[PDB]
């Protein structure tokens, strides 16, 4: 499946794991993704109203589903439908965010 994990307990919430199909879809290698915030997939056509909603969901630690324009390494635009989900530990404390993508371009 197609997903990434970020660690919000590290500066600027970096990606610490990416599945192989996410690498294939974005055309990036694992070593140029790990340790970065996911926002590098954004570009000029990305809807800022939608980015705001993600920012608010991360702040409130709520699950959200969104669609937005992202860019592969070679600069190809694609519609990315991904669902964001908080992952808490046993004490109810936030540990990770997981982002699960539809394994292909969209409408």
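Definition used throughout: the rigid core is the maximal C-alpha set that superposes within 1.5 Å between two forms. Positions refer to the first chain, counted from 1.
Trainee: Please pick 6-14 or 95-103, whichever has its Cα atoms farther from the shown form in 4 other deposited structures of this protein after a rigid core fit.
Mentor: The more displaced stretch in 4 other deposited structures of this protein turns out to be 95-103.
Trainee: Taking the recorded C-alpha temperature factors, which stretch has the higher mean, 25-33 or 53-61?
Mentor: The deposited B-factors put 25-33 ahead on the C-alpha mean.
Trainee: If you average the Cα B factors in the entry, which is higher, 88-96 or 6-14?
Mentor: The deposited B-factors put 88-96 ahead on the C-alpha mean.
Trainee: Please place residue 76 in the lowest, middle or highest third of its chain according to the CA B-factor in the PDB entry.
Mentor: Within its chain, residue 76 is a middle-third residue by C-alpha B-factor, going by the deposited values.
Trainee: Among all modelled residues of this chain, ranked by Cα B factor, put residue 38 in the bottom, middle or top third, i.e. lowest, middle or highest.
Mentor: Bottom third by C-alpha B-factor.
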